Structure formats: structure tokens, C-alpha cells
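What follows is work.cif (mmCIF, C-alpha atoms).
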data_structure
loop_
_atom_site.label_atom_id
_atom_site.label_comp_id
_atom_site.auth_asym_id
_atom_site.auth_seq_id
_atom_site.Cartn_x
_atom_site.Cartn_y
_atom_site.Cartn_z
CA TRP O 1 13.59 17.53 -2.87
CA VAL O 2 14.19 18.58 0.82
CA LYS O 3 15.87 18.17 4.21
CA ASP O 4 12.52 16.54 5.04
CA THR O 5 13.69 13.58 2.92
CA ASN O 6 17.05 13.52 4.64
CA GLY O 7 15.74 13.86 8.21
CA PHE O 8 13.33 11.11 7.24
CA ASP O 9 16.12 9.09 5.74
CA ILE O 10 17.97 9.13 9.03
CA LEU O 11 14.86 8.29 11.08
CA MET O 12 14.45 5.29 8.78
CA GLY O 13 18.02 4.17 9.47
CA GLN O 14 17.55 4.78 13.18
CA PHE O 15 14.16 3.00 13.28
CA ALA O 16 15.47 -0.07 11.46
CA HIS O 17 18.52 -0.21 13.67
CA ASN O 18 16.41 -0.30 16.81
CA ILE O 19 14.57 -3.33 15.43
CA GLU O 20 17.74 -5.05 14.38
CA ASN O 21 19.15 -4.85 17.88
CA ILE O 22 16.21 -6.74 19.36
CA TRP O 23 15.00 -9.19 16.72
CA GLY O 24 18.32 -9.90 15.02
CA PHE O 25 19.12 -8.89 11.47
CA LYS O 26 17.06 -11.66 9.82
CA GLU O 27 13.88 -10.52 11.66
CA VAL O 28 13.89 -6.86 10.62
CA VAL O 29 10.35 -6.25 9.39
CA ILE O 30 9.12 -2.87 8.29
CA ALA O 31 5.90 -1.33 7.05
CA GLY O 32 5.51 -1.48 3.30
CA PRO O 33 3.03 -0.45 0.61
CA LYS O 34 1.02 -3.64 1.05
CA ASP O 35 2.02 -4.23 4.70
CA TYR O 36 1.19 -2.42 7.89
CA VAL O 37 3.81 -2.99 10.57
CA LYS O 38 3.58 -1.12 13.86
CA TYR O 39 6.10 -1.51 16.68
CA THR O 40 5.13 -0.91 20.31
CA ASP O 41 6.50 -1.89 23.73
CA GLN O 42 9.96 -0.43 23.04
CA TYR O 43 10.24 -2.55 19.83
CA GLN O 44 9.47 -5.81 21.71
CA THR O 45 6.00 -6.08 20.10
CA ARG O 46 4.93 -5.64 16.50
CA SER O 47 1.50 -5.77 14.80
CA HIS O 48 1.69 -6.84 11.19
CA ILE O 49 -1.18 -6.56 8.64
CA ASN O 50 -0.42 -8.25 5.34
CA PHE O 51 -3.06 -6.70 3.02
CA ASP O 52 -2.03 -8.83 0.12
CA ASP O 53 -2.87 -12.23 1.59
CA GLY O 54 -5.21 -11.09 4.37
CA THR O 55 -3.43 -11.97 7.60
CA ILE O 56 -2.96 -10.15 10.86
CA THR O 57 0.09 -11.50 12.70
CA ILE O 58 0.76 -10.04 16.15
CA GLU O 59 4.28 -10.77 17.46
CA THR O 60 6.35 -10.22 20.61
CA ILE O 61 9.91 -11.11 21.58
CA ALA O 62 9.41 -9.75 25.11
CA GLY O 63 10.72 -12.35 27.58
CA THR O 64 8.40 -11.48 30.45
CA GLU O 65 4.62 -11.87 30.20
CA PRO O 66 4.52 -12.27 26.37
CA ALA O 67 0.82 -13.18 26.41
CA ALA O 68 0.15 -9.91 28.14
CA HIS O 69 2.12 -8.02 25.43
CA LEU O 70 0.18 -9.73 22.67
CA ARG O 71 -3.27 -9.03 24.19
CA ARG O 72 -2.69 -5.28 24.17
CA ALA O 73 -1.68 -5.17 20.53
CA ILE O 74 -4.47 -7.50 19.33
CA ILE O 75 -7.20 -5.31 20.77
CA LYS O 76 -5.83 -1.96 19.55
CA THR O 77 -5.13 -3.33 16.04
CA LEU O 78 -8.65 -4.69 15.71
CA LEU O 79 -10.11 -1.39 17.04
CA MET O 80 -7.83 1.28 15.51
CA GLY O 81 -9.59 4.00 13.58
CA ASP O 82 -7.72 4.89 10.46
CA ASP O 83 -6.23 8.28 10.38
CA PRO O 84 -2.97 7.37 8.66
CA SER O 85 -1.79 11.00 8.69
CA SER O 86 -1.52 10.61 12.45
CA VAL O 87 0.14 7.22 12.59
CA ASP O 88 3.94 6.86 12.73
CA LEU O 89 4.94 3.48 11.42
CA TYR O 90 8.61 4.47 11.88
CA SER O 91 8.48 4.82 15.67
CA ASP O 92 7.62 2.63 18.63
CA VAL O 93 5.28 5.28 20.02
CA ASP O 94 1.72 4.18 20.73
CA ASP O 95 -0.15 6.68 18.51
CA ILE O 96 -2.84 4.00 18.00
CA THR O 97 -6.31 5.41 18.72
CA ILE O 98 -9.62 3.58 19.25
CA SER O 99 -12.63 4.96 17.32
CA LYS O 100 -16.32 4.06 16.83
CA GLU O 101 -15.33 2.77 13.38
CA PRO O 102 -12.28 0.48 13.39
CA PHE O 103 -10.44 0.46 10.07
CA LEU O 104 -10.60 -3.37 10.00
CA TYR O 105 -14.41 -3.53 10.71
CA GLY O 106 -15.92 -6.12 8.36
CA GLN O 107 -12.49 -7.32 7.20
CA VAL O 108 -12.10 -9.65 10.20
CA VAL O 109 -14.57 -11.63 12.38
CA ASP O 110 -14.07 -13.13 15.80
CA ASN O 111 -14.25 -16.86 16.46
CA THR O 112 -18.08 -16.50 16.69
CA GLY O 113 -18.08 -15.12 13.16
CA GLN O 114 -19.16 -11.60 14.10
CA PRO O 115 -17.43 -8.36 12.97
CA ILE O 116 -15.64 -6.45 15.75
CA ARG O 117 -16.51 -2.85 16.60
CA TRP O 118 -16.50 -2.74 20.40
CA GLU O 119 -13.82 -3.31 23.00
CA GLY O 120 -15.66 -6.16 24.67
CA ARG O 121 -15.80 -8.43 21.65
CA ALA O 122 -12.20 -7.59 20.79
CA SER O 123 -11.13 -8.57 24.31
CA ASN O 124 -13.06 -11.87 24.28
CA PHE O 125 -11.53 -12.61 20.91
CA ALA O 126 -8.03 -11.75 22.11
CA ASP O 127 -8.29 -14.11 25.12
CA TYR O 128 -9.57 -16.87 22.82
CA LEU O 129 -6.59 -16.48 20.44
CA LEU O 130 -4.20 -16.39 23.36
CA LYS O 131 -5.65 -19.64 24.76
CA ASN O 132 -6.05 -21.52 21.47
CA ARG O 133 -3.87 -19.89 18.83
CA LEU O 134 -0.67 -18.93 20.65
CA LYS O 135 2.37 -19.90 18.58
CA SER O 136 6.05 -19.80 19.49
CA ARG O 137 9.11 -19.59 17.32
CA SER O 138 12.90 -19.46 17.79
CA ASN O 139 14.98 -16.84 15.93
CA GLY O 140 18.02 -19.01 16.73
CA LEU O 141 18.67 -17.21 20.03
CA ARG O 142 15.35 -16.16 21.62
CA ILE O 143 11.58 -16.99 21.68
CA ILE O 144 9.02 -15.07 19.62
CA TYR O 145 5.38 -15.50 20.67
CA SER O 146 2.55 -14.82 18.19
CA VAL O 147 -1.11 -14.87 17.23
CA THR O 148 -2.26 -15.14 13.60
CA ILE O 149 -5.71 -13.86 12.61
CA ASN O 150 -7.14 -14.55 9.10
CA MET O 151 -9.26 -11.89 7.47
CA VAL O 152 -12.57 -12.57 5.70
CA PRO O 153 -12.02 -14.14 2.25
CA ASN O 154 -13.37 -10.99 0.49
CA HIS O 155 -11.26 -8.55 2.56
CA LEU O 156 -9.89 -6.88 -0.57
CA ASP O 157 -13.35 -5.99 -1.96
CA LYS O 158 -14.53 -4.85 1.46
CA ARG O 159 -11.53 -2.55 1.81
CA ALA O 160 -11.82 -1.19 -1.77
CA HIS O 161 -15.49 -0.34 -1.04
CA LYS O 162 -14.17 2.43 1.19
CA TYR O 163 -12.70 4.19 -1.90
CA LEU O 164 -15.10 3.58 -4.82
CA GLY O 165 -16.78 6.97 -4.48
CA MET O 166 -13.43 8.71 -4.56
CA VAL O 167 -12.56 6.63 -7.64
CA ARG O 168 -15.85 7.55 -9.39
CA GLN O 169 -15.20 11.28 -8.77
CA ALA O 170 -11.57 11.24 -10.00
CA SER O 171 -12.62 9.11 -12.99
CA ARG O 172 -15.28 11.49 -14.25
CA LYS O 173 -13.04 14.48 -13.50
CA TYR O 174 -9.89 13.41 -15.32
CA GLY O 175 -11.18 11.10 -18.08
CA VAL O 176 -9.51 8.02 -16.63
CA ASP O 177 -11.40 4.71 -16.38
CA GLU O 178 -12.43 3.52 -12.95
CA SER O 179 -11.06 0.07 -13.79
CA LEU O 180 -7.56 1.50 -14.48
CA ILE O 181 -7.66 3.57 -11.30
CA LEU O 182 -8.63 0.60 -9.09
CA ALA O 183 -6.13 -1.66 -10.91
CA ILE O 184 -3.33 0.76 -10.24
CA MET O 185 -4.49 1.23 -6.66
CA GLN O 186 -4.77 -2.52 -6.03
CA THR O 187 -1.38 -3.29 -7.51
CA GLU O 188 0.29 -0.50 -5.48
CA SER O 189 -1.12 -0.86 -1.97
CA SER O 190 -3.98 -3.46 -1.99
CA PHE O 191 -6.08 -0.51 -0.79
CA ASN O 192 -3.89 0.14 2.24
CA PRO O 193 -4.24 3.75 3.43
CA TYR O 194 -1.04 3.44 5.53
CA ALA O 195 1.00 2.49 2.46
CA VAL O 196 4.66 3.64 2.61
CA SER O 197 7.44 2.65 0.18
CA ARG O 198 11.21 3.01 0.34
CA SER O 199 10.93 4.79 -2.97
CA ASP O 200 9.09 7.58 -1.07
CA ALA O 201 5.70 6.63 -2.55
CA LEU O 202 2.85 7.58 -0.21
CA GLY O 203 -0.69 6.36 0.27
CA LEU O 204 -3.26 4.32 -1.66
CA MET O 205 -1.86 5.15 -5.09
CA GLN O 206 1.78 5.41 -3.94
CA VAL O 207 2.30 9.00 -5.06
CA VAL O 208 5.94 10.11 -4.94
CA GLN O 209 5.54 13.65 -3.66
CA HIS O 210 8.65 15.14 -5.24
CA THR O 211 8.19 13.85 -8.85
CA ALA O 212 4.55 12.89 -9.65
CA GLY O 213 3.11 15.00 -6.80
CA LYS O 214 4.92 18.18 -7.84
CA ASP O 215 4.13 17.56 -11.52
CA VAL O 216 0.39 17.26 -10.82
CA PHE O 217 0.23 20.47 -8.80
CA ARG O 218 1.92 22.35 -11.68
CA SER O 219 -0.42 20.89 -14.26
CA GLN O 220 -3.29 22.40 -12.32
CA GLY O 221 -1.54 25.73 -11.80
CA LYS O 222 -0.80 25.05 -8.15
CA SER O 223 2.39 25.98 -6.35
CA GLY O 224 4.57 23.87 -4.07
CA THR O 225 4.52 20.10 -3.55
CA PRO O 226 1.86 18.03 -1.69
CA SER O 227 2.51 17.50 2.00
CA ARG O 228 2.89 14.15 3.68
CA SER O 229 -0.49 14.58 5.39
CA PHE O 230 -2.11 15.46 2.06
CA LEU O 231 -1.04 12.23 0.40
CA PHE O 232 -2.23 10.08 3.35
CA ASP O 233 -5.61 11.66 2.81
CA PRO O 234 -7.42 9.06 0.62
CA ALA O 235 -9.43 11.50 -1.47
CA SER O 236 -6.46 13.85 -1.97
CA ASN O 237 -4.28 10.85 -2.85
CA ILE O 238 -6.71 9.24 -5.32
CA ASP O 239 -7.30 12.66 -6.92
CA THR O 240 -3.48 13.27 -7.25
CA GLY O 241 -2.67 9.78 -8.53
CA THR O 242 -5.47 9.82 -11.09
CA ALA O 243 -4.29 13.26 -12.23
CA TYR O 244 -0.84 11.74 -12.87
CA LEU O 245 -2.45 8.86 -14.80
CA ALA O 246 -4.23 11.46 -17.00
CA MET O 247 -0.98 13.41 -17.39
CA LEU O 248 0.88 10.33 -18.64
CA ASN O 249 -1.98 9.74 -21.04
CA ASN O 250 -2.47 13.26 -22.51
CA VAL O 251 1.00 14.84 -22.56
CA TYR O 252 3.78 12.29 -21.92
CA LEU O 253 2.42 9.32 -23.90
CA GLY O 254 -0.12 11.21 -26.07
CA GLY O 255 1.74 10.53 -29.34
CA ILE O 256 0.41 6.98 -29.07
CA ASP O 257 -2.77 6.92 -31.08
CA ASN O 258 -4.33 3.54 -30.24
CA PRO O 259 -5.93 4.02 -26.79
CA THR O 260 -5.27 0.42 -25.74
CA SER O 261 -1.60 0.69 -26.71
CA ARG O 262 -1.40 3.98 -24.81
CA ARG O 263 -2.84 2.34 -21.64
CA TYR O 264 -0.18 -0.44 -21.63
CA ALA O 265 2.35 2.34 -21.96
CA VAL O 266 0.73 4.53 -19.29
CA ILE O 267 0.56 1.63 -16.81
CA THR O 268 4.22 0.75 -17.30
CA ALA O 269 5.18 4.40 -17.14
CA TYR O 270 3.33 4.87 -13.84
CA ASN O 271 5.82 2.56 -12.15
CA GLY O 272 9.00 3.05 -14.22
CA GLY O 273 8.63 6.50 -15.81
CA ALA O 274 7.37 7.81 -19.17
CA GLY O 275 10.94 8.28 -20.36
CA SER O 276 11.94 4.65 -20.03
CA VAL O 277 8.77 3.40 -21.78
CA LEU O 278 9.44 5.39 -24.98
CA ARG O 279 13.15 4.54 -24.86
CA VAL O 280 12.20 0.87 -25.35
CA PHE O 281 11.31 1.61 -28.97
CA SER O 282 13.72 4.48 -29.82
CA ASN O 283 15.80 7.27 -28.25
CA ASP O 284 13.69 9.71 -30.26
CA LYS O 285 10.40 10.24 -28.39
CA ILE O 286 8.71 10.93 -31.74
CA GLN O 287 10.06 7.86 -33.58
CA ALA O 288 9.22 5.68 -30.57
CA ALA O 289 5.55 6.67 -30.85
CA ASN O 290 5.68 6.14 -34.62
CA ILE O 291 6.88 2.55 -34.15
CA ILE O 292 4.10 1.94 -31.60
CA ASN O 293 1.53 3.47 -33.92
CA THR O 294 2.31 0.81 -36.50
CA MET O 295 2.21 -2.30 -34.22
CA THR O 296 -0.81 -4.09 -32.74
CA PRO O 297 -1.62 -3.49 -29.06
CA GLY O 298 -0.78 -7.15 -28.30
CA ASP O 299 2.73 -6.69 -29.66
CA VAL O 300 2.99 -3.58 -27.48
CA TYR O 301 1.92 -5.51 -24.39
CA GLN O 302 4.29 -8.28 -25.47
CA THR O 303 7.11 -5.80 -26.16
CA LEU O 304 6.81 -4.01 -22.84
CA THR O 305 6.13 -7.17 -20.85
CA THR O 306 9.52 -8.59 -22.01
CA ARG O 307 11.85 -5.93 -23.45
CA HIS O 308 11.54 -3.23 -20.76
CA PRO O 309 14.76 -2.91 -18.71
CA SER O 310 13.24 -2.84 -15.20
CA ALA O 311 12.14 -6.28 -14.02
CA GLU O 312 9.77 -4.46 -11.66
CA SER O 313 8.12 -2.57 -14.54
CA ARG O 314 7.64 -5.72 -16.67
CA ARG O 315 5.88 -7.42 -13.76
CA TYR O 316 3.90 -4.26 -13.04
CA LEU O 317 2.28 -4.18 -16.46
CA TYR O 318 1.21 -7.81 -16.24
CA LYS O 319 -0.19 -7.29 -12.70
CA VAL O 320 -2.19 -4.11 -13.45
CA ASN O 321 -3.54 -5.47 -16.73
CA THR O 322 -4.72 -8.58 -14.91
CA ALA O 323 -6.26 -6.52 -12.13
CA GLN O 324 -8.09 -4.30 -14.69
CA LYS O 325 -9.67 -7.19 -16.58
CA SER O 326 -11.70 -7.95 -13.41
CA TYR O 327 -12.71 -4.33 -12.80
CA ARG O 328 -13.60 -3.44 -16.41
CA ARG O 329 -16.70 -5.54 -16.83
CA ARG O 330 -19.88 -4.37 -15.21
#
For the file at hand, write its structure as C-alpha cells.
Amino acid sequence: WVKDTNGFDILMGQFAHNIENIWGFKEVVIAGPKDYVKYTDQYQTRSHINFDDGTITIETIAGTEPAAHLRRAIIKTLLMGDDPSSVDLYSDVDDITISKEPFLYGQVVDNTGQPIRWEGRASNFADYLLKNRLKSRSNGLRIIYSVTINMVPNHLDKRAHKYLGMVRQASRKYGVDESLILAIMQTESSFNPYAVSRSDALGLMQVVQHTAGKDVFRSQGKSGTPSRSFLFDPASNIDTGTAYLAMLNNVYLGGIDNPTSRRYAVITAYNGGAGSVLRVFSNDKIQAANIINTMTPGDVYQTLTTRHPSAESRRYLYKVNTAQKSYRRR
């Protein structure tokens, strides 16, 4: 709903085209919801954090002094403070800033098994990787040099720890279970505060500003739509996303009486839309709820997990439900 979207659409096209020219079409890698990718060095160097499987891969296709290119990115990535509102993952500008509290602190250790919070240890660790873990690849035409760093095994729990207070607040406020909130959050970004989709979802809970964002503001009697900075603010984001979860539950899918059937529906609707979920059972929103209110919740899970028209949405329900079963028990 803007020229913000369109100016941003073009920047996207422009950004991707700059990468394509240097890495070749098959090597175009871009930041995602569960993936931080930051280009530096005029697109010759990229720093990739895969939050889903816990790897930090630093790459360069620079032909001169590649080891030097890699060292610079390794240290900054390990030391970067998170203020995702200030980071542009769609430019090659170095807006990377070193703070007293690196975002990755406790998620990775150096080769001596210690967490990294100072520039000295990060440097010693970079030199070690460069001497013992330097890999080289061919894209068919030119050499890419890299360093892979594995995060601690429990990196996901360590990263979610940063947002449990915000989840507890939003949970008590909106009447939505903590386990559902975390399960949505995990499935959407693996607790990545730099999360960006190409469906315009922003932040930890992947809030689409123009649909869900706008809707939530209205529900609370607020005007306008949430800014880009607002949704990259973790507390703002988790509050907004949880509000949309409660909205799906009270108004859009409220005709569902069994609370466990409603959840399956709410979860699916979070990704694919409330409209589509009802339309699986009947074109009449009222009849659709009436059919659901006569079937067991396990049929409802089974119905949505197979007979929903988006392949993405069918997977989404299975993923969130799985995630929730490990957050629900305390």
C-alpha cells in the first residue's frame, strides 16, 4: 500500500542485479526470513548466517587478497550489535557496527571454546579460521574463498532467550499461549531479528505491514500502518504479531467452538489467510464453521494438513504444531 513498496521493489531488483553480475546467476544469494546475508566490498564479499541450521559462512569472490577480505567480514559479523532497524541487507554499504554486546554472543565460540565479545578474541579466531578452515570453490568461471563457522548446538534456545520476556508480556496481554507465539516465531524466522521476506513480511514474527500490520492498528483504534523501523523492533513486532494471532482467534475464526480446532485453523490462517482456511470447508463462512464444529480436532488437522490449496500453508501447520508440542510442556 505505497510508493515505499515500489521504490523498495526496484531497490530489490537493483540489489539482486548487482550480485548477479559478480557471482553469476546461480550464486545469487539474498537475505531471507531465516537467513542473514550481508554484502560488503562492492558485492565481492558476503556474510551469511543460516539461523535454521546454525552456520556462519563468510564468502568472497574478490580475486586479490581474498583472505584479507574474509578477515574483515568474520570479525564484524561476530561482533555486530543488533539494531536491525539500522541494517540494510539490500545494499553493499558497511552499516555494520561493533557494540559491547554482539548479537551472536553465546551462539558461537572460538576454537578455544570461549564466547566472543571483544575484538581481540574475534581477531585471533579469524586468523585461526583463515589458516585452518579456508575453503575454495569454483562457480564454473571464478574462485570463491570461504570460512564456515558452526554455532553452538543450542543456538536456537540461546537466541529465543532474548525474546521470552516479550513473549510473556504479549501472551498475558492478548490471551494467546506462549507456546503458540514461540512456535509461530520459530517457524517464521528461527528468532532472527533481521528477518525479511519477499512477501514483505518483516521481523521476528514476519508481520506484513500492509495487511496484518494495518489490521492490528485498527483493532486497537490506532491510525496509519506500522513503519519499517517499528516492525524491526522486537517488542513492537512480537506485540503486533501476537495481536494478529488473537484477532484471527476472536473475530476471523471465532465461529469455531473447539479451541484446539480453532488453533489449527488460526495457525494455518496466519500464513495463508483466514479466508482460505474457511473456504476449505465451504464458501459460506458460517457453514464452514458449522462443519468444523461437528468434526474432531484430529480430522481438522488432517483436513487442513492435506486439503488446503497452498502447499506452503499445509507444511506450515505441520511445522508450527510440531514446534508448539515442545514449547507447551513446562
To test your reading of the syntax: which residues would the PyMOL selection byres ((chain O and resi 313) around 9) return for the file shown? Reply as a ChimeraX atom specification.
/O:267-272,304-305,308-312,314-318
Could you please give me, as a ChimeraX atom specification, the residues of protein, DNA or RNA lying at most 12 Å from (-2.4, 1.1, -38.0) in the coordinate frame of the file, considering only C-alpha atoms?
/O:256-258,261,290-297
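Proximity of O:288, O:265, O:61, O:147 to residue 134 (chain O), computed with all atoms listed in the file, is greatest for O:147.
Across the model, the gap from CA of residue 65 (chain O) to CA of residue 127 (chain O) is 14.1 Å.
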Given all atoms listed in the file, how would the per-residue table for region 140-184 of chain O near region 51-54 of chain O read, listing every residue at most 7 Å away with its closest atom pair and distance in Å to one decimal, sorted by chain and number, as CSV?
residue,atom,partner,partner_atom,distance
O:150,CA,O:54,CA,6.2
O:151,CA,O:54,CA,5.2
O:155,CA,O:54,CA,6.8
Could those residues be written to a file, using C-alpha atoms, as a CSV table (one decimal), in the coordinates of the input?
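Below is the file that was written, selection23.csv:
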chain,number,residue,atom,x,y,z
O,150,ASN,CA,-7.1,-14.6,9.1
O,151,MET,CA,-9.3,-11.9,7.5
O,155,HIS,CA,-11.3,-8.6,2.6
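Compared by their closest atoms to residue 96 (chain O), and using all atoms listed in the file, the residues O:47, O:113, O:133, O:218 rank with O:47 nearest.
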With all atoms listed in the file as the counted atoms, please give the residues lying no more than 12 Å from residue 19 (chain O), apart from itself and same-chain residues fewer than 3 positions off, as a ChimeraX atom specification.
/O:12-16,22-30,37-46,60-61,90-92
Resolved residues for the PyMOL selection byres ((chain O and resi 163-172) around 9) as an MDAnalysis selection string
chainID O and resid 159:162 173:178 181:182 191 234:235 238:240 242:243
Selection result of the PyMOL selection byres ((chain O and resi 126) around 12) on this file, as a ChimeraX atom specification
/O:58,67-79,109-111,116,119-125,127-134,146-149
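Distances to residue 210 (chain O) were evaluated for O:50, O:4, O:259, O:323 using only C-alpha atoms, and the minimum falls at O:4.
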Dump of region 140-159 of chain O from preceding block, N, CA, C and O atoms, as a short mmCIF file (atom, residue, chain, number, x, y, z; two decimals), in the first residue's frame:
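The resulting file, decode_21.cif, is reproduced below:
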data_model
loop_
_atom_site.label_atom_id
_atom_site.label_comp_id
_atom_site.auth_asym_id
_atom_site.auth_seq_id
_atom_site.Cartn_x
_atom_site.Cartn_y
_atom_site.Cartn_z
N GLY O 140 32.37 -22.26 -11.76
CA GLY O 140 32.47 -22.61 -13.17
C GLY O 140 33.42 -21.71 -13.93
O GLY O 140 33.97 -22.10 -14.96
N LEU O 141 33.62 -20.50 -13.41
CA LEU O 141 34.36 -19.44 -14.09
C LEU O 141 35.40 -18.74 -13.20
O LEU O 141 36.38 -18.21 -13.71
N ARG O 142 35.18 -18.75 -11.88
CA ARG O 142 36.00 -17.95 -10.96
C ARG O 142 36.01 -18.50 -9.50
O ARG O 142 35.07 -19.18 -9.07
N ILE O 143 37.07 -18.20 -8.73
CA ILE O 143 37.25 -18.86 -7.42
C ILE O 143 36.59 -18.11 -6.26
O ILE O 143 36.90 -16.95 -5.99
N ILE O 144 35.70 -18.81 -5.55
CA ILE O 144 35.16 -18.28 -4.29
C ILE O 144 35.85 -18.86 -3.06
O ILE O 144 35.88 -20.07 -2.87
N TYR O 145 36.46 -17.98 -2.26
CA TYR O 145 37.07 -18.37 -0.99
C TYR O 145 36.13 -18.18 0.22
O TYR O 145 35.42 -17.17 0.32
N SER O 146 36.14 -19.14 1.15
CA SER O 146 35.24 -19.09 2.29
C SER O 146 35.77 -19.71 3.61
O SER O 146 36.74 -20.48 3.64
N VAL O 147 35.05 -19.34 4.66
CA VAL O 147 35.24 -19.79 6.01
C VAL O 147 33.85 -20.20 6.51
O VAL O 147 32.92 -19.42 6.41
N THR O 148 33.71 -21.40 7.03
CA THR O 148 32.47 -21.81 7.70
C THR O 148 32.73 -21.89 9.20
O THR O 148 33.74 -22.41 9.62
N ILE O 149 31.80 -21.35 9.97
CA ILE O 149 31.80 -21.35 11.42
C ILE O 149 30.50 -22.00 11.90
O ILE O 149 29.41 -21.58 11.49
N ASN O 150 30.59 -23.05 12.75
CA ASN O 150 29.39 -23.70 13.30
C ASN O 150 28.99 -23.10 14.62
O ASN O 150 29.82 -22.86 15.47
N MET O 151 27.71 -22.82 14.80
CA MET O 151 27.24 -22.24 16.04
C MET O 151 27.07 -23.31 17.14
O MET O 151 27.02 -24.51 16.85
N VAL O 152 26.94 -22.88 18.39
CA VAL O 152 26.75 -23.86 19.46
C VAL O 152 25.48 -24.66 19.13
O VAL O 152 24.54 -24.15 18.49
N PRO O 153 25.47 -25.93 19.52
CA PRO O 153 24.35 -26.84 19.26
C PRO O 153 22.99 -26.26 19.70
O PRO O 153 21.97 -26.52 19.03
N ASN O 154 22.97 -25.51 20.81
CA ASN O 154 21.71 -24.98 21.35
C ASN O 154 21.52 -23.50 20.99
O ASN O 154 20.96 -22.72 21.78
N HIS O 155 21.99 -23.13 19.79
CA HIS O 155 21.93 -21.74 19.33
C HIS O 155 20.51 -21.25 19.25
O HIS O 155 20.25 -20.12 19.62
N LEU O 156 19.57 -22.12 18.88
CA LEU O 156 18.17 -21.68 18.76
C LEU O 156 17.60 -21.27 20.13
O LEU O 156 16.96 -20.21 20.24
N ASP O 157 17.86 -22.06 21.18
CA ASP O 157 17.32 -21.75 22.51
C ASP O 157 17.99 -20.49 23.07
O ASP O 157 17.37 -19.71 23.79
N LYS O 158 19.24 -20.29 22.71
CA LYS O 158 20.02 -19.19 23.26
C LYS O 158 19.50 -17.90 22.65
O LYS O 158 19.33 -16.89 23.34
N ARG O 159 19.12 -17.98 21.37
CA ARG O 159 18.63 -16.83 20.62
C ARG O 159 17.17 -16.53 21.02
O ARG O 159 16.78 -15.36 21.14
#
